Amino acid sequence: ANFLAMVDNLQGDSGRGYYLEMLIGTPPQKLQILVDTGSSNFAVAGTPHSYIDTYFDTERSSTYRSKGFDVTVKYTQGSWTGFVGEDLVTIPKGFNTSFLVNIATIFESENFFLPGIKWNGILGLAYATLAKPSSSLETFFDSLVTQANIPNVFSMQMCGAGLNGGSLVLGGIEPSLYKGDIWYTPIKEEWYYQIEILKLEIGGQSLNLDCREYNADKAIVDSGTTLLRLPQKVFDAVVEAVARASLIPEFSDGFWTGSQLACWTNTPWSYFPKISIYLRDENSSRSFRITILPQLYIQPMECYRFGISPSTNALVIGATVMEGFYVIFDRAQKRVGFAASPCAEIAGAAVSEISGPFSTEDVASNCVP
Amino acid sequence: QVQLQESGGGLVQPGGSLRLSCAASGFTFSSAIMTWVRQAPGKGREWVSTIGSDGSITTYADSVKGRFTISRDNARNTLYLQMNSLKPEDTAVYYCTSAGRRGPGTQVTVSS
Ligand SMILES: CN1C(N)=N[C@](C)(c2cc(NC(=O)c3ccc(F)cn3)ccc2F)CS1(=O)=O
Ligand SMILES: [Cl-]
Ligand code: NA
Ligand code: NA
C-alpha cells in the first residue's frame with residue numbers, strides 16, 4: 001500500500017457523503033462508494049435506480065460468484081435487499097492489486113439511494129459483529145488487512161470544511177494530513193466505533209448533565225451520519241446553552257429543529273459559541289477536548305441551517321464534526337485518534353481545535369451505563 | 001463459536017514439500033472466503049493465498065506463485081495448502097484466517 005497515493009482519494013461533502021472510487025469484477029466496473037464507519041457491509045446497486053447513473057452488473061463479471069443467498073438490511077428511515085456474492089476489487093488510489101471480497105448487490109431498496117447522491121454503494125468499515133446476515137460474512141476491511149499486508153488501522157480526513165473532498169488512508173496515518181498531536185480515546189465496545197464522552201461544554205460552560213446522558217444508548221463516530229446527533233435531553237441542553245451564549249438576541253424554535261433557516265446579508269459565525277466534546281484519554285485520569293467552531297454547526301444552504309439534530313437513539317459524531325479532524329480508526333490498538341485538520345479552515349480561520357490534557361477527577365470512572 | 005485449527009507443518013529440506021490442513025467448525029464453511037497467512041519472528045505478516053467459498057477463485061502472493069496451491073473440501077470443512085519447492089525463506093508459522101478470526105497456526109521450517 002502507498003499512503004501518499006491515498007491523499008485526496010475521496011470526493012463529496014457532508015451534504016451527500018464522502019465516496020471512494022472502487023473497481024469491481026473482471027473486467028472492472030467503476031463504482032462510487034460511500035465511506036461508512038457506521039456499518040459493516042460492502043453493498044452496491046445491482047439494478048438501475050432513479051438517483052444513480054451506474055450499477056454493478058454481476059453478469060458482466062467473469063470472476064463474480066454467487067453465494068446462493070440474499071440479505072435484507074433495515075435502518076431507521078430506510079432498507080435494502082441484495083444478493084450476496086464474492087468478487088475481485090481494486091482501489092486505484094492506494095493499491096496496485098486486486099483482493100477477493102464479499103459484495104451485496106442491491107435489487108430493492110427504500111430511502112437508501114437518496115435525492116442528490118453521487119454514490120451507488122456503501123463501504124461499511126465498522127466491526128464484524130455488525131455484518132449481516134451475520135459476523136461470519138467477512139468484512140471488506142478484514143479482507144483488505146489480510147490480503148494487502150496492511151496494519152489494522154485506517155484514517156479519515158474530510159475537507160468539506162463546513163460547506164474539497166477528503167482522504168481515506170487504508171492501513172495507517174499520513175503525516176501530511178495533520179499538524180500537532182494525535183489524542184487517543186479508547187474504543188469502549190467494538191461494534192460501532194463506540195467511545196466515551198465525559199462532558200459537553202458550550203462557550204466555556206459545562207452542560208452539567210450526568211455523563212451517562214452522553215452515552216446512554218451509545219456515543220459513536222460515524223462517517224455515514226451527516227449531522228452531530230444528540231440524545232433529546234442533551235440536544236435541549238445544547239440548544240439552551242447556544243441561545244444563552246449567542247450574541248443574536250432571538251432564534252426561532254424552528255431554527256433548532258431544522259424547519260427554519262437563519263438568514264443574514266453580507267457572516268454569522270462570530271455571533272455563535274464554540275462547542276467542545278471531552279473524551280477520555282487512554283489514561284483514565286486524563287481527557288482531551290475536540291472543539292468545533294460555529295462554521296461547523298451553522299451550515300450554509302445567505303441562509304444557514306442548524307447542524308445538530310436530536311436523536312431517538314445514539315449520540316453520533318458524524319461528518320460535520322469529522323470535518324474538523326483527522327480521525328484515526330486504530331482497530332489494532334482499540335482506540336480512536338483525533339488531530340485538527342489543516343484543511344478545516346474557512347476564510348483564513350481554523351474551524352476546529354483540539355487540546356488537552358484535562359483532569360477527570362470530577363467525573364465517574366465509567367460514563368457508559 | 002468459530003474454531004480453526006491448522007496442521008501439517010514440519011521441518012523439511014530445501015526443495016521439500018508439505019501439505020497443510022485447517023479444520024474448521026462453528027460456521028458455514030461452504031460460504032466462507034478462506035485465507036492463508038504466514039508470520040516469521042522479526043518479519044512482517046505475509047499474505048500467502050486466498051480461496052473463494054466454492055473453490056473456483058484463487059489468488060496467490062507473488063512469493064509463492066507456481067509453488068503453492070490452495071484448495072478446499074467443503075464437505076469435510078477443510079482448507080489445504082500444498083507447498084512444493086520449499087525454500088529457507090518460507091520458514092514461518094502458517095495460519096488460516098476468515099472474518100477476522102484466525103487459527104493458532106502450524107510451524108513450517110525449511111533448513112539443511
Ligand atoms: C446512519 N447510517 C449509516 N451510518 N449508514 C447507512 C448504511 C446509510 C448512510 C447514509 N449516509 C449518507 O447518505 C451520508 C451523507 C452525507 C454524509 F456526510 C454522510 N453520510 C445513507 C444511507 C444509509 F443507509 C445506514 S444509516 O442508519 O442511515
Ligand atoms: Cl466470508
Ligand atoms: Na465486468
Ligand atoms: Na470468511
# chains A, B, ... in the order shown; residues from 1 in each chain; ligands from 1
>>> select_by_dssp(residues="stretch 118-299 of chain A", states="alpha helix (DSSP H)", output="list in words")
residues 140, 141, 142, 143, 144, 145, 146, 147, 148, 232, 233, 234, 235, 236, 237, 238, 239, 240, 241, 242, 243, 244, 245, 253, 254, 255, 256 and 257 of chain A
>>> residues_near_ligand(ligand="ligand 1", cutoff="9 Å", atoms="only C-alpha atoms and all ligand atoms", output="ChimeraX atom specification")
/A:12-18,34-41,43,73-80,111-114,117,119,122-124,158,222-227,316,318-320,322
>>> write_last_selection(atoms="C-alpha atoms", output="short mmCIF file (atom, residue, chain, number, x, y, z; two decimals), in the first residue's frame")
data_model
loop_
_atom_site.label_atom_id
_atom_site.label_comp_id
_atom_site.auth_asym_id
_atom_site.auth_seq_id
_atom_site.Cartn_x
_atom_site.Cartn_y
_atom_site.Cartn_z
CA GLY A 12 -18.01 14.73 -1.93
CA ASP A 13 -19.11 16.65 1.11
CA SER A 14 -21.23 16.42 4.26
CA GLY A 15 -24.43 17.13 2.33
CA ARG A 16 -24.42 13.95 0.23
CA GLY A 17 -21.41 11.92 1.56
CA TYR A 18 -17.77 11.19 1.08
CA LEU A 34 -19.87 5.94 0.39
CA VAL A 35 -17.33 5.57 3.18
CA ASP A 36 -19.31 4.47 6.21
CA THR A 37 -17.77 3.85 9.65
CA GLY A 38 -21.31 3.13 10.98
CA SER A 39 -21.98 -0.16 9.21
CA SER A 40 -20.08 -3.30 8.18
CA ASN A 41 -21.37 -4.47 4.77
CA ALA A 43 -23.19 -3.20 -0.70
CA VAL A 73 -30.72 -4.72 5.96
CA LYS A 74 -33.12 -2.34 7.79
CA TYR A 75 -32.33 1.15 9.14
CA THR A 76 -34.33 3.91 10.74
CA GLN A 77 -35.96 5.52 7.67
CA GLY A 78 -34.66 3.01 5.07
CA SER A 79 -33.76 -0.50 3.87
CA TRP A 80 -32.46 -2.73 1.07
CA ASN A 111 -34.96 5.54 1.29
CA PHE A 112 -31.41 4.31 0.52
CA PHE A 113 -30.47 5.97 -2.77
CA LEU A 114 -31.41 9.47 -1.59
CA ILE A 117 -26.21 11.42 -4.19
CA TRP A 119 -22.59 7.27 -4.87
CA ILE A 122 -21.63 1.80 0.61
CA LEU A 123 -18.42 0.61 2.23
CA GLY A 124 -19.09 -0.40 5.81
CA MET A 158 -12.99 15.22 5.33
CA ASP A 222 -19.97 7.59 12.19
CA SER A 223 -18.77 8.95 8.83
CA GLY A 224 -22.15 7.84 7.36
CA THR A 225 -24.11 10.27 9.55
CA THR A 226 -24.40 13.89 8.33
CA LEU A 227 -25.06 15.95 11.50
CA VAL A 316 -23.43 10.36 16.85
CA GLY A 318 -21.00 12.47 12.25
CA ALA A 319 -19.43 14.07 9.15
CA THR A 320 -19.80 17.67 10.18
CA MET A 322 -15.40 14.89 11.44
#
>>> interface_residues(of="chain A", to="chain B", cutoff="10 Å", atoms="only C-alpha atoms", output="MDAnalysis selection string")
chainID A and resid 63:69 85:88 98:102 127:129 131 135:143 145:151
>>> closest_residue(among="B:108, B:92, B:4, B:70", to="ligand 4", atoms="only C-alpha atoms and all ligand atoms")
B:4
>>> closest_residue(among="B:110, B:18, B:12, B:96", to="residue B:67", atoms="only C-alpha atoms")
B:18
>>> residues_around(residues="stretch 294-309 of chain A", least_positions_apart="2", cutoff="6 Å", atoms="only C-alpha atoms", output="JSON, numbers by chain")
{"A": [162, 227, 228, 229, 261, 262, 263, 264, 269, 272, 351]}
>>> write_last_selection(atoms="N, CA, C and O atoms", output="short mmCIF file (atom, residue, chain, number, x, y, z; two decimals), in the first residue's frame")
data_model
loop_
_atom_site.label_atom_id
_atom_site.label_comp_id
_atom_site.auth_asym_id
_atom_site.auth_seq_id
_atom_site.Cartn_x
_atom_site.Cartn_y
_atom_site.Cartn_z
N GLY A 162 -17.14 22.61 6.47
CA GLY A 162 -18.42 23.26 6.73
C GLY A 162 -19.18 23.87 5.56
O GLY A 162 -20.03 24.73 5.79
N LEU A 227 -25.10 14.94 10.41
CA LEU A 227 -25.06 15.95 11.50
C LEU A 227 -24.47 15.37 12.76
O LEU A 227 -24.23 14.15 12.87
N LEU A 228 -24.15 16.26 13.69
CA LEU A 228 -23.98 15.85 15.07
C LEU A 228 -25.34 15.52 15.63
O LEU A 228 -26.24 16.36 15.59
N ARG A 229 -25.52 14.29 16.10
CA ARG A 229 -26.80 13.82 16.61
C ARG A 229 -26.69 13.66 18.09
O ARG A 229 -25.76 13.02 18.58
N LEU A 261 -34.53 28.42 8.36
CA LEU A 261 -33.17 28.91 8.17
C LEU A 261 -33.00 30.25 8.86
O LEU A 261 -33.95 31.03 8.96
N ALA A 262 -31.80 30.50 9.35
CA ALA A 262 -31.38 31.81 9.83
C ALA A 262 -30.64 32.47 8.68
O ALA A 262 -29.70 31.87 8.14
N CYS A 263 -31.08 33.67 8.27
CA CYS A 263 -30.52 34.39 7.11
C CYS A 263 -29.97 35.76 7.51
O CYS A 263 -30.54 36.44 8.36
N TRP A 264 -28.84 36.11 6.90
CA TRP A 264 -28.19 37.41 7.07
C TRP A 264 -27.77 37.95 5.70
O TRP A 264 -27.70 37.19 4.71
N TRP A 269 -20.88 33.74 11.87
CA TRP A 269 -20.11 32.81 12.71
C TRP A 269 -19.51 33.44 13.98
O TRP A 269 -19.53 32.82 15.05
N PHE A 272 -21.73 33.19 17.40
CA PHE A 272 -22.08 31.88 17.99
C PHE A 272 -20.92 31.34 18.87
O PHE A 272 -19.76 31.64 18.60
N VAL A 351 -11.49 26.11 11.83
CA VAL A 351 -12.87 25.88 12.24
C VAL A 351 -13.01 24.84 13.38
O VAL A 351 -14.12 24.47 13.75
#
>>> atom_distance(atom1="atom CA of residue A:184", atom2="atom CA of residue A:210")
22.9 Å
>>> residues_near_ligand(ligand="ligand 3", cutoff="8 Å", atoms="only C-alpha atoms and all ligand atoms", output="ChimeraX atom specification")
/A:24-29,57-62
>>> atom_distance(atom1="atom CA of residue A:280", atom2="atom CA of residue A:325")
16.9 Å
>>> residues_around(residues="residue B:83", least_positions_apart="3", cutoff="10 Å", atoms="only C-alpha atoms", output="list in words")
residues 9, 15, 16, 17, 18, 19, 20, 64, 66, 67, 68, 69, 70, 80, 86 and 90 of chain B
>>> closest_residue(among="A:51, A:42, A:95, A:256", to="residue A:4", atoms="only C-alpha atoms")
A:95
>>> residues_around(residues="residue A:154", least_positions_apart="6", cutoff="8 Å", atoms="only C-alpha atoms", output="ChimeraX atom specification")
/A:168-173,328-330
>>> write_last_selection(atoms="N, CA, C and O atoms", output="mmCIF file, in the first residue's frame")
data_model
loop_
_atom_site.group_PDB
_atom_site.id
_atom_site.type_symbol
_atom_site.label_atom_id
_atom_site.label_comp_id
_atom_site.auth_asym_id
_atom_site.auth_seq_id
_atom_site.Cartn_x
_atom_site.Cartn_y
_atom_site.Cartn_z
ATOM 1 N N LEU A 168 -9.183 8.814 2.552
ATOM 2 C CA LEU A 168 -9.304 7.593 3.327
ATOM 3 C C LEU A 168 -7.993 6.864 3.192
ATOM 4 O O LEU A 168 -7.671 6.393 2.131
ATOM 5 N N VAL A 169 -7.234 6.806 4.276
ATOM 6 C CA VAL A 169 -5.936 6.161 4.280
ATOM 7 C C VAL A 169 -6.123 4.776 4.898
ATOM 8 O O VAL A 169 -6.303 4.650 6.093
ATOM 9 N N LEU A 170 -6.084 3.758 4.042
ATOM 10 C CA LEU A 170 -6.338 2.370 4.445
ATOM 11 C C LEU A 170 -5.011 1.764 4.822
ATOM 12 O O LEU A 170 -4.137 1.561 3.965
ATOM 13 N N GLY A 171 -4.836 1.508 6.128
ATOM 14 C CA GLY A 171 -3.644 0.857 6.646
ATOM 15 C C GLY A 171 -2.770 1.700 7.527
ATOM 16 O O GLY A 171 -1.793 1.187 8.078
ATOM 17 N N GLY A 172 -3.092 2.987 7.690
ATOM 18 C CA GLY A 172 -2.260 3.819 8.529
ATOM 19 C C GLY A 172 -2.649 5.285 8.572
ATOM 20 O O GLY A 172 -3.804 5.645 8.351
ATOM 21 N N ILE A 173 -1.635 6.108 8.853
ATOM 22 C CA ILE A 173 -1.741 7.523 9.144
ATOM 23 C C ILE A 173 -0.771 8.199 8.168
ATOM 24 O O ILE A 173 0.402 7.814 8.070
ATOM 25 N N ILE A 328 -8.507 8.813 13.311
ATOM 26 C CA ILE A 328 -7.692 7.587 13.145
ATOM 27 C C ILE A 328 -8.491 6.465 13.807
ATOM 28 O O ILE A 328 -8.735 6.499 14.994
ATOM 29 N N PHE A 329 -8.906 5.491 12.998
ATOM 30 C CA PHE A 329 -9.668 4.333 13.482
ATOM 31 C C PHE A 329 -8.648 3.213 13.687
ATOM 32 O O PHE A 329 -8.396 2.405 12.798
ATOM 33 N N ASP A 330 -8.044 3.208 14.886
ATOM 34 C CA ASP A 330 -6.942 2.291 15.248
ATOM 35 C C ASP A 330 -7.534 1.052 15.862
ATOM 36 O O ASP A 330 -7.558 0.854 17.054
#
>>> residues_around(residues="residue B:95", least_positions_apart="6", cutoff="8 Å", atoms="only C-alpha atoms", output="PyMOL selection string")
chain B and resi 6+36-38+102-106
>>> atom_distance(atom1="atom CA of residue A:313", atom2="atom CA of residue A:218")
7.9 Å
>>> decode(residues="stretch 78-91 of chain B", atoms="N, CA, C and O atoms", output="PDB file, in the first residue's frame")
ATOM      1  N   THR B  78     -12.620 -28.449   5.480  1.00  0.00           N
ATOM      2  CA  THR B  78     -11.161 -28.454   5.493  1.00  0.00           C
ATOM      3  C   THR B  78     -10.601 -27.554   4.374  1.00  0.00           C
ATOM      4  O   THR B  78     -11.017 -27.632   3.203  1.00  0.00           O
ATOM      5  N   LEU B  79      -9.627 -26.744   4.763  1.00  0.00           N
ATOM      6  CA  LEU B  79      -8.823 -25.928   3.869  1.00  0.00           C
ATOM      7  C   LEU B  79      -7.445 -26.560   3.754  1.00  0.00           C
ATOM      8  O   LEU B  79      -6.931 -27.049   4.748  1.00  0.00           O
ATOM      9  N   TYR B  80      -6.814 -26.511   2.582  1.00  0.00           N
ATOM     10  CA  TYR B  80      -5.494 -27.061   2.359  1.00  0.00           C
ATOM     11  C   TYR B  80      -4.526 -26.075   1.750  1.00  0.00           C
ATOM     12  O   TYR B  80      -4.930 -25.131   1.075  1.00  0.00           O
ATOM     13  N   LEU B  81      -3.229 -26.322   1.963  1.00  0.00           N
ATOM     14  CA  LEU B  81      -2.171 -25.621   1.229  1.00  0.00           C
ATOM     15  C   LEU B  81      -1.100 -26.624   0.855  1.00  0.00           C
ATOM     16  O   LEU B  81      -0.397 -27.131   1.749  1.00  0.00           O
ATOM     17  N   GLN B  82      -1.021 -26.955  -0.421  1.00  0.00           N
ATOM     18  CA  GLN B  82       0.059 -27.806  -0.905  1.00  0.00           C
ATOM     19  C   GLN B  82       1.268 -26.940  -1.176  1.00  0.00           C
ATOM     20  O   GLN B  82       1.175 -25.984  -1.921  1.00  0.00           O
ATOM     21  N   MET B  83       2.407 -27.284  -0.573  1.00  0.00           N
ATOM     22  CA  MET B  83       3.590 -26.467  -0.602  1.00  0.00           C
ATOM     23  C   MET B  83       4.682 -27.303  -1.252  1.00  0.00           C
ATOM     24  O   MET B  83       5.016 -28.335  -0.707  1.00  0.00           O
ATOM     25  N   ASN B  84       5.155 -26.894  -2.424  1.00  0.00           N
ATOM     26  CA  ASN B  84       6.250 -27.587  -3.118  1.00  0.00           C
ATOM     27  C   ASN B  84       7.438 -26.650  -3.240  1.00  0.00           C
ATOM     28  O   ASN B  84       7.352 -25.423  -3.032  1.00  0.00           O
ATOM     29  N   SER B  85       8.575 -27.214  -3.625  1.00  0.00           N
ATOM     30  CA  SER B  85       9.774 -26.424  -3.883  1.00  0.00           C
ATOM     31  C   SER B  85      10.081 -25.435  -2.752  1.00  0.00           C
ATOM     32  O   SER B  85      10.367 -24.269  -2.992  1.00  0.00           O
ATOM     33  N   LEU B  86      10.035 -25.955  -1.527  1.00  0.00           N
ATOM     34  CA  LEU B  86      10.180 -25.120  -0.341  1.00  0.00           C
ATOM     35  C   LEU B  86      11.591 -24.561  -0.232  1.00  0.00           C
ATOM     36  O   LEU B  86      12.561 -25.244  -0.583  1.00  0.00           O
ATOM     37  N   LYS B  87      11.685 -23.326   0.247  1.00  0.00           N
ATOM     38  CA  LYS B  87      12.933 -22.579   0.389  1.00  0.00           C
ATOM     39  C   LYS B  87      13.087 -22.169   1.867  1.00  0.00           C
ATOM     40  O   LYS B  87      12.084 -22.016   2.579  1.00  0.00           O
ATOM     41  N   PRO B  88      14.325 -21.942   2.347  1.00  0.00           N
ATOM     42  CA  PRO B  88      14.538 -21.387   3.703  1.00  0.00           C
ATOM     43  C   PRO B  88      13.671 -20.148   4.072  1.00  0.00           C
ATOM     44  O   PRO B  88      13.143 -20.059   5.212  1.00  0.00           O
ATOM     45  N   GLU B  89      13.501 -19.242   3.113  1.00  0.00           N
ATOM     46  CA  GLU B  89      12.694 -18.049   3.307  1.00  0.00           C
ATOM     47  C   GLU B  89      11.183 -18.303   3.409  1.00  0.00           C
ATOM     48  O   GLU B  89      10.437 -17.361   3.660  1.00  0.00           O
ATOM     49  N   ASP B  90      10.727 -19.538   3.188  1.00  0.00           N
ATOM     50  CA  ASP B  90       9.346 -19.923   3.507  1.00  0.00           C
ATOM     51  C   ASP B  90       9.133 -20.286   4.962  1.00  0.00           C
ATOM     52  O   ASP B  90       8.004 -20.571   5.341  1.00  0.00           O
ATOM     53  N   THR B  91      10.192 -20.355   5.776  1.00  0.00           N
ATOM     54  CA  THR B  91      10.057 -20.672   7.180  1.00  0.00           C
ATOM     55  C   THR B  91       9.171 -19.615   7.881  1.00  0.00           C
ATOM     56  O   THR B  91       9.437 -18.421   7.760  1.00  0.00           O
TER      57      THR B  91
END
